[PDB]
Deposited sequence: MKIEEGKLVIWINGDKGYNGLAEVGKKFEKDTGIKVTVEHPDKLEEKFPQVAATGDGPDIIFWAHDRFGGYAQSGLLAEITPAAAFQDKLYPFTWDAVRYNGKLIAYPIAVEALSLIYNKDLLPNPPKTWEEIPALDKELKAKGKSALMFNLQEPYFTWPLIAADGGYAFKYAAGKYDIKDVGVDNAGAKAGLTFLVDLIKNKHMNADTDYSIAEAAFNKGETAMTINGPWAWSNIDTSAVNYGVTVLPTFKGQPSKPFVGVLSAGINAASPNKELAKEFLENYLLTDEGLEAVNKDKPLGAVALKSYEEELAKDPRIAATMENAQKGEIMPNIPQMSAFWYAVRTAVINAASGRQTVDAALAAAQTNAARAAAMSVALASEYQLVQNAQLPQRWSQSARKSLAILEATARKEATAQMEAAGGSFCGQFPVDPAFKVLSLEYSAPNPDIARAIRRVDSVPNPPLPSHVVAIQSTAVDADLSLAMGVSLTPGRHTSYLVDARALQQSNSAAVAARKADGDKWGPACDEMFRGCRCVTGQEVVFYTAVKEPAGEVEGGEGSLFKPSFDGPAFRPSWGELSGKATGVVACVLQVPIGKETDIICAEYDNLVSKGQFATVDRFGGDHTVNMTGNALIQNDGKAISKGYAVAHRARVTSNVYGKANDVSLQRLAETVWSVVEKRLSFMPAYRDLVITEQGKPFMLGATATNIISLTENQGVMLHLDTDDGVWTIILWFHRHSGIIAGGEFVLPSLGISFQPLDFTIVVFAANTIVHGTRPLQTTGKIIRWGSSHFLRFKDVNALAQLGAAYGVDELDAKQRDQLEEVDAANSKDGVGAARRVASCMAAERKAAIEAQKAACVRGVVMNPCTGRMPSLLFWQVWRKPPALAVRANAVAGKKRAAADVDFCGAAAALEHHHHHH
């Protein structure tokens, strides 16, 4: 975020061009440019980007999300003067309070109202109880009294709450998540009246949003229930309509939920006081809200002076009236427990699957249980973020290891002189040069061997934020504290400043976007500054300074005393390691499994990043797109377990060996890897990993470049390997880590292990001469699949998934033989809906395959941070 500027995020369905005019008027008076953007998935994108000290200066969203944001410290406490607070309705300030602190400015107010057809019904009923009689007369005329969305509890809640239902009890400025108000007498009476309407055929259990909107907008029903977002569509229709206060129930007002569109200030913003004056003196004025409202209407508004103007529209007045009779939507993440439980209960009470009593009793206990587990998971997550490696570090152990490392450096130097140079396999290694292209030979049917540097340039120097560690003492410090044990005397360790690492990450993404999501001239310019480490074994540690960010070390953790004073007040984590695997039995096994899975047709071909490149995938996916998928694997894997006439599990044995052999090679150098696996894979997720690894998906590419990118929904560390087939020369195709300032050509069997959702990376396009093929493959954790599979396991039994898969393949085929392609798709669609409903139930019970950040919905940015402190 740039100081001296203001960037605003607001959803695309709002008047952003009108807001831009307020910023343009702001830029005139003070010289501060205001940029309004409307990113997609704004509710998801803001907590992900704000948690890293980045993102907008101001966020516009429904107030209910902002308590979640405040729990994570993403929002600044706003400080309106008492005079300014008087300009806005009191209840709107209540909607933007967390922990007794104001955390946002209210802007607009929305709630459900009663919408009625003036020709069908000149005087709409003041009470719910009149509606059955009124419906009887309208039925005689070929109409109905009322249709509205019964599928979503947002729409049915006003009736359920009228006589006493509530979500979470509010007291002393806090929501008590132990106190859910779904099971009291008022809620029961509300839901009962609703189902009595259905039972007496006044309403249909099937009516959803689309059916009710189409019915009201065509003149078929006299009333609906909807919010101000629905008025535009009625305004194109022929219906003469009004908007009024919801009916009462037992003489009590219906209590719709109230959503307050609010502007909050990013905690990481350097422009807090500028954002405050823009919001107070420019937006929250009559002129300000007008400019927005003219673009797209705000509805009702929190600013009293402008709301008195808007309320001349009876639809606005009704909106604010129902809002003031309503229930401010609770601003805590545990509302998700509430929504799922009440949605289920209303659907079951309406269909007859449960009585009202049974439906609400289960919703009460299930929402409270789910809300509780949500808290337990959120506190458990802080423990995994702050967890420490088994302690092997000590001053005594540091020194012993330094001496061993120092001995090995002399051995390596001796056999370097004896041999005439440095080699990785048969490839001559010279750090003075950058390997722009290189030759491979294939003398026998084993893997092709890197033999000769062809094109080169002088090797660029390390960027300023990356420094090679010279000291065996420092090397031993980091090796013991970080769980890294590279080839003694034949590796280089680097320290990378965390702040500069983050900036360089941003510069790299900027370049890729400026190039048109491709390796173009901006990416090439970065590449020309990358230092080649081809043939080397290296590890990069990032050092985070103690806040006197992308990375979240716990500076309350145990501290070691570094040999190097410059580590003091810093925490280190492992962001990347490059290994060179000597060819032998393990590379034989790995290469053979890739060949077996290719020959047997077990790779699913897919395209990534649009059409950036082609990737083949295998492993324990769950492609929910495939309606009949109900077990681990791509569709080819599901089929092979049934159609094989030899051994149904053969490919699962092949995949486990493939994952475990790669894992084993890596674990020998990187002892933190099994600790990471043990820390983040749940008991419920373990059966859906490939063997005893943190890998569930394996990719495979063939002579493919990949644009620079961050992965997002993968694990904390990713493994990538390469191996070659046939002879030839490869130009380009480097793996590039531009935020670390390095790149390399893969040789006989190079592996990189790195933090793929945190370190930008990609692969340059290549040109080949001869038959040479460079095979690349990622082993990674794609946590969506393991979560959905862990959820399916809890619903049906882990071992029952193969039987379900078998049956579902069998009856999709039967439909295709009997009634053709269209019937088969109908059966698969029914299977998907059954599957979906099973997954949601288990997801609602907090069944999980991996531990995840509740705020970001992603895995931690790093693990196993070690704090260093050198007191004098």
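Unmodelled regions (deposited sequence positions with no C-alpha coordinates, counted from 1) are 1-2, 551-558, 883-917.
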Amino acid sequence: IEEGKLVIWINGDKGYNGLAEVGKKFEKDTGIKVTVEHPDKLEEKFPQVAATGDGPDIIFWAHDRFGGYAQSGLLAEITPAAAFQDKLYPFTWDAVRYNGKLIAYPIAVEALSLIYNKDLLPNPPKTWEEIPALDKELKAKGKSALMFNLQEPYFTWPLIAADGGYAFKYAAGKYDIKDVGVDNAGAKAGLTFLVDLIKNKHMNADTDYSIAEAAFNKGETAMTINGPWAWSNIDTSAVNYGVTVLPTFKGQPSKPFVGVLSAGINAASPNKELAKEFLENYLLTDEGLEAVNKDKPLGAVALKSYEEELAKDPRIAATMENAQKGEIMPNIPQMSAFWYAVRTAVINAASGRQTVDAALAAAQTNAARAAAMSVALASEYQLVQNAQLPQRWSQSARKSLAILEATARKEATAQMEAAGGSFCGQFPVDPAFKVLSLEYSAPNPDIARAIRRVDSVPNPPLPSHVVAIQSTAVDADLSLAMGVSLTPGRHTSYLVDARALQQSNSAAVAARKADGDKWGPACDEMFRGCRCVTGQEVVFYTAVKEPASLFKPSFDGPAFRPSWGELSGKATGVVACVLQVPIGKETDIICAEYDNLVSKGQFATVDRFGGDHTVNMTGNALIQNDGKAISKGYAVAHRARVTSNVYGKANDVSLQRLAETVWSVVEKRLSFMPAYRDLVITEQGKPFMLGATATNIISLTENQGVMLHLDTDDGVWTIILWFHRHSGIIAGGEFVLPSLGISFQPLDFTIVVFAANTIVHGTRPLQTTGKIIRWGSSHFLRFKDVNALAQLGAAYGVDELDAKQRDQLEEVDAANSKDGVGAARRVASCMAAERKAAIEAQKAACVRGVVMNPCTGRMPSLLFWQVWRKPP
From here on, numbers count along this sequence of modelled residues.
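Of the other entries compared for this protein that flank it with modelled residues, a third or more give no atoms for residue 609. Note: missing coordinates for residue 53 occur in a third or more of the other compared entries bracketing this position. If you average the C-alpha B-factors over 714-722 and over 131-139, the higher value belongs to 131-139. The stretch with the higher mean CA B factor, choosing between 358-366 and 644-652, is 358-366. Among 591, 623, 96, 636, the highest C-alpha B-factor in the deposited entry belongs to 96. Within the listed group 533, 298, 225, 759, the record reports its top CA B-factor for 298. Among all modelled residues in this chain, the alpha-carbon of residue 326 has a temperature factor (C-alpha) in the middle third. Per the PDB record, residue ranking by Cα B-factor puts residue 860 in the middle third of the chain. When the modelled residues of the chain are ordered by their C-alpha B factor, residue 89 lands in the highest third.
Split the chain's modelled residues into thirds by C-alpha temperature factor. Residue 803 is in the lowest one. Residue-level temperature factors show residue 555 in the highest third of its chain, judged at the C-alpha atom.
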